Amino acid sequence: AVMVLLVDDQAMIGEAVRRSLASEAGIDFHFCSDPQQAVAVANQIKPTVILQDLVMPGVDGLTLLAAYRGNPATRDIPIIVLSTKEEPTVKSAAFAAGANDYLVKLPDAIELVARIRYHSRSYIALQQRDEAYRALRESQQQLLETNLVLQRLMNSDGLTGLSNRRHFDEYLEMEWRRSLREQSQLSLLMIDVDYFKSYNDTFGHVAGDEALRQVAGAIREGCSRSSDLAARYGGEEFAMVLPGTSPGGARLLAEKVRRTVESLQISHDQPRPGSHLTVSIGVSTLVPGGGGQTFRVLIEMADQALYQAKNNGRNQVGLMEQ
Amino acid sequence: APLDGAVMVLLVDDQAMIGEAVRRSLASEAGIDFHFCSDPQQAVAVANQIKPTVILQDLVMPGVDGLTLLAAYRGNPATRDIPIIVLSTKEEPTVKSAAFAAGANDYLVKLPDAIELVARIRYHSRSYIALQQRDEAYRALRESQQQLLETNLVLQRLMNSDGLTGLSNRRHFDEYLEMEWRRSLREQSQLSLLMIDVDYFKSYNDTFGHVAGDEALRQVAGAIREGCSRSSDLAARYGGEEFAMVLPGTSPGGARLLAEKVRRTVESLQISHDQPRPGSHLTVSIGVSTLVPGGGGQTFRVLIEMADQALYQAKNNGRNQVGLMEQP
Ligand SMILES: Nc1nc2c(ncn2[C@@H]2O[C@@H]3COP(=O)(O)O[C@H]4[C@@H](O)[C@H](n5cnc6c(=O)[nH]c(N)nc65)O[C@@H]4COP(=O)(O)O[C@H]3[C@H]2O)c(=O)[nH]1
Ligand SMILES: Nc1nc2c(ncn2[C@@H]2O[C@@H]3COP(=O)(O)O[C@H]4[C@@H](O)[C@H](n5cnc6c(=O)[nH]c(N)nc65)O[C@@H]4COP(=O)(O)O[C@H]3[C@H]2O)c(=O)[nH]1
Ligand SMILES: Nc1nc2c(ncn2[C@@H]2O[C@@H]3COP(=O)(O)O[C@H]4[C@@H](O)[C@H](n5cnc6c(=O)[nH]c(N)nc65)O[C@@H]4COP(=O)(O)O[C@H]3[C@H]2O)c(=O)[nH]1
Ligand SMILES: Nc1nc2c(ncn2[C@@H]2O[C@@H]3COP(=O)(O)O[C@H]4[C@@H](O)[C@H](n5cnc6c(=O)[nH]c(N)nc65)O[C@@H]4COP(=O)(O)O[C@H]3[C@H]2O)c(=O)[nH]1
Ligand SMILES: [Mg+2]
Ligand SMILES: [Mg+2]
């Protein structure tokens with residue numbers, strides 16, 4: 001994994017290093033005698049550590065240190081400056097210049113390979129750390145979005161974006177079971193857009209669906225409690241469950257849903273020439289009692305209320321308690 | 001786990017003076033905490049509790065061998081990877097070689113000036129921090145990647161594979177066929193298609209049950225997948241008892257040749273059936289069509305049409321036979 005790039009004008013020092021990194025596998029070596037090519041050599045072999053001689057003819061090791069730190073290609077490679085006359089004034093200045101280590105020309109072979117490996121691993125760990133951090137951010141972003149999408153396809157109505165039929169009915173069933181234990185009121189609204197069939201085959205589908213999308217927008221705005229839930233049972237049929245809600249409160253939301261839906265003023269000629277889209281709403285409510293009683297009985301009640309509503313003129317609200 | 005720049009230095013020296021001199025250089029930098037320990041006996045325990053990013057260890061201490069204490073750091077799991085800068089008194093360049101072998105990562109002659117000190121303190125801590133973060137990222141990465149692979153595998157079976165036969169399902173086949181069609185328009189090559197239906201299958205399913213019907217299907221499927229062996233060939237279960245086979249760069253002669261291998265090898269499976277009369281076997285009606293896409297309004301759909309027609313005519317001319325699309 002290691003690749004040592006040594007820079008020094010002394011052809012012998014370059015050898016004392018080569019002959020110590022020899023009996024050491026996993027660590028490539030490279031020797032450069034001409035400082036004028038050092039920067040070049042560095043942008044090619046891509047070392048994991050650079051041993052840079054401080055004093056050479058024509059260029060000092062610190063102006064080369066500024067070169068290695070000039071391009072991304074090598075700006076992160078750790079460098080060990082090698083000195084001859086150990087002058088703690090230049091030493092101090094080397095570190096200030098960013099030098100990562102300082103060695104009085106060639107120490108014990110055991111130490112020289114220990115520093116070479118420690119720096120290389122550090123260099124690679126930083127490389128792999130950022131790389132990982134980046135790939136990780138992508139992965140989690142991907143996974144989060146993928147799950148959002150699958151969730152939506154799983155429990156939501158495509159057009160309306162509201163919950164689908166089975167998601168809703170399963171919630172209704174679990175809410176019924178909990179209202180049975182807590183002996184509380186469970187209200188349900190069955191919402192049908194009036195004369196929608198008539199409307200659909202006279203304005204097309206894109207107009208029908210566009211209207212159903214709008215009505216759905218007035219339906220979710222009707223309930224706001226975290227435990228409240230609205231659905232598009234299918235076609236122009238919607239549903240809303242309101243845990244812990246009383247007949248009166250349920251009635252309020254129904255009426256509020258009806259009113260806001262009408263204030264959309266979606267033109268339609270069936271109720272007669274100059275009217276607009278409206279909805280009939282059946283409202284039911286109960287406190288689950290023991291014995292038989294399934295949530296299906298609450299639904300039968302809402303449907304009856306819905307039927308009564310339609311047969312009394314539509315665009316109004318029907319209630320039922322038993 | 002440790003956040004970026006969270007430097008924690010642990011100095012283990014017996015001389016409280018050396019401690020104080022450092023316990024200052026590191027007060028002018030809040031982005032780095034400090035902790036001094038004078039008892040070698042607790043050095044490891046202390047490091048285990050404060051969790052340092054770098055430790056400065058005194059090589060010579062009373063009643064404790066220095067090079068052995070280092071080895072003790074490499075033996076504790078939580079400190080094994082912590083960089084150690086050994087502090088030498090008055091110098092000794094012999095202990096030095098031994099120190100690095102023992103696990104030392106850096107060598108300092110008792111307290112250099114705050115500049116070289118912190119450079120090394122931060123260089124080593126950053127290094128330790130990086131390694132710790134790399135492994136936490138690598139771990140969370142494989143976890144995330146696995147979750148995605150698992151999901152992708154589920155979607156593949158659902159989207160382009162048929163559970164029972166293990167063959168390609170219909171949308172995958174249709175998609176592939178369309179691509180082959182377009183490629184054939186470009187290369188002006190012949191594209192053949194076979195539509196394969198098991199004869200009297202329903203009849204067989206209500207008489208022998210799903211268990212047996214499914215196994216019959218699994219068998220036909222196998223005889224079909226063997227009728228074509230080119231890397232670009234593709235066999236698919238097209239429906240209930242309906243299958244399909246698309247053969248790129250195949251002439252009408254080749255297509256009907258392979259059509260017959262199927263009919264033949266299916267009938268030789270000899271899956272007893274009481275239809276169309278006692279003592280029968282499950283046979284296959286096949287429809288073959290082949291075309292060279294010719295430009296203008298004509299898609300891969302026409303190729304499917306033609307094979308369906310040949311299959312209709314084959315089913316109506318007695319079954320257990322090959323029907324060939326008539327050319328005007
Ligand atoms: N006008 C009106 N608006 C309603 C009603 N029910 C729900 N909302 C709307 O829905 C938001 C969230 O309701 P939540 O999920 O029950 O979450 C609620 C609930 O858990 C709690 N909370 C607030 N007010 C009451 C209260 O009077 N009784 C109870 N039991 N909890 C309350 O605080 C949360 C947030 O409250 P908000 O900030 O007000 O935000 C409320 C409010 O804007 C209602 O009966 N009348
Ligand atoms: N399931 C459900 N039912 C709804 C919602 N909004 C209204 N209701 C029903 O309508 C009744 C009166 O609502 P309100 O006029 O807004 O008058 C409300 C409101 O002024 C206040 N209130 C209760 N909960 C909240 C809340 O979460 N946020 C705020 N801001 N006010 C609340 O208390 C009054 C009476 O509350 P309740 O006794 O609960 O009786 C409520 C409830 O049965 C809703 O989003 N979900
Ligand atoms: N143009 C051309 N290419 C040739 C010919 N013979 C071999 N190849 C190439 O060699 C691959 C492997 O050939 P294989 O070992 O005979 O193994 C073959 C062979 O066992 C079988 N196969 C495919 N087509 C025919 C055929 O027309 N007759 C027979 N008897 N076997 C076939 O499928 C295997 C893999 O088929 P491929 O995926 O297409 O992959 C083929 C194909 O790319 C040839 O006469 N003409
Ligand atoms: N798509 C597809 N078509 C098939 C396959 N097996 C047979 N055919 C069709 O049947 C024709 C004659 O096949 P053959 O009797 O094996 O006679 C073959 C065979 O002896 C030899 N040949 C061609 N390709 C291969 C190959 O990949 N492997 C071997 N072993 N022989 C090959 O060339 C003869 C004529 O080849 P073609 O001109 O291509 O004409 C072929 C081809 O149109 C198959 O696995 N996939
Ligand atoms: Mg020199
Ligand atoms: Mg001491």
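The basis for the numbers below is simple: all heavy atoms, side chains too, and nothing from hydrogens, waters or symmetry mates. The chains referred to below are lettered A, B, ... by the order of the sequence lines, with proteins before strands, and numbering in each begins at 1. When a ligand or atom number is given, it counts from 1 through the structure's own listing order.
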Q. For B:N317, which of B:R319, B:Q313, B:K315, B:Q321 qualifies under side chain to side chain donor-acceptor pair (under 3.5 Å)?
A. B:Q321
**Q.** Flag: protein heavy atom within less than 4.0 Å of atom 27 (O) of ligand 4
**A.** no
**Q.** Closest non-hydrogen atom pair between B:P248 and B:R230, with its separation
**A.** O-NH1, 4.4 Å
Q) Is there a donor-acceptor contact under 3.5 Å linking the side chains of A:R232 and A:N164? A) no
Q) In terms of atom number and element, which parts of ligand 2 are under 4.0 angstrom from non-hydrogen atoms of A:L242? A) 1 (N)
Q) Quick one: which ligand 4 atoms are inside 4.0 Å of a heavy atom on B:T250? A) 1 (N), 2 (C), 3 (N), 43 (O)
Q.
Which residue and atom name correspond to the protein heavy atom nearest atom 10 (O) of ligand 4, and how close is it?
A. B:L257 CD2, 3.3 Å
Q.
I need the nearest protein heavy-atom contact for atom 11 (C) of ligand 1: residue, atom name and distance, please.
A. A:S224 O, 4.2 Å
(Q) Looking at atom 46 (N) of ligand 2, tell me if a protein heavy atom falls under 4.0 Å from it. (A) yes
Q: For atom 36 (O) of ligand 1, decide whether some protein heavy-atom distance is shorter than 4.0 Å.
A: no
Q) Roughly how far apart are A:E170 CD and A:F295 CZ, rounded to 0.5 Å? A) 9.5 Å
Q: Would you verify that at least one protein heavy atom lies under 4.0 Å from atom 30 (N) of ligand 2, or report that none does?
A: no
Q | atom 39 (O) of ligand 4: any protein heavy atom closer than 4.0 Å | A | yes
Q: Looking only at protein heavy atoms, identify the closest one to atom 8 (N) of ligand 4 and say how far it is in Å.
A: B:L258 CD2, 3.8 Å
Q. Does atom CE of A:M154 have more than 12 heavy-atom neighbours, drawn from other residues, nucleotides or ligands, at distances under 6.0 Å?
A. yes
Q: Rounded to the nearest 0.5 Å, what's the gap from NE2 on A:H276 to CG on A:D194? Could you check?
A: 14.0 Å
Q: Indicate yes or no: does A:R177 engage A:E173 in a salt bridge with an N to O separation below 4.0 Å.
A: yes
Q) Are any of the side-chain nitrogens in A:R259 or A:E255 under 4.0 Å away from the carboxylate oxygens of its partner? A) no
Q | Closest protein heavy atom (residue, atom, distance) for atom 15 (O) of ligand 1 | A | A:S226 N, 2.8 Å
**Q.** atom 22 (N) of ligand 4 protein-contacted, heavy-atom criterion under 4.0 angstrom
**A.** no
(Q) Under a 4.0 angstrom heavy-atom cut-off, which atoms of ligand 4 come close to B:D233? (A) 1 (N), 2 (C), 44 (C), 45 (O), 46 (N)
Q) Heavy-atom distance from atom 33 (O) of ligand 4 to the protein below 4.0 Å? A) no
Q. What pair of heavy atoms forms the shortest contact from A:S267 to A:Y199, and how long is it?
A. O-CE1, 3.3 Å
Q: May I ask you to say whether A:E300 pairs ionically with A:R296, meaning some side-chain N is under 4.0 Å from a carboxylate O?
A: no
(Q) Can you check atom 2 (C) of ligand 4: any protein non-hydrogen atom closer than 4.0 Å? (A) yes
Q: Between A:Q185, A:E221, A:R225, flag the one that comes closest to atom 42 (C) of ligand 2 by a heavy atom.
A: A:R225
Q.
Below 4.0 angstrom, counting only protein heavy atoms, does anything approach atom 6 (N) of ligand 2?
A. yes
Q: Would you give the length of the straight line joining atom OG of B:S289 to atom CG of B:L193, rounded to the nearest 0.5 angstrom?
A: 4.5 Å
Q | Minimum-distance protein heavy atom relative to atom 9 (C) of ligand 4 | A | B:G254 CA, 3.7 Å
Q: Can you confirm whether something in the protein, heavy atoms only, sits under 4.0 Å from atom 19 (C) of ligand 4?
A: no
Q. Rounded to the nearest 0.5 Å, how far apart are CG of B:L191 and CG of B:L177?
A. 6.0 Å
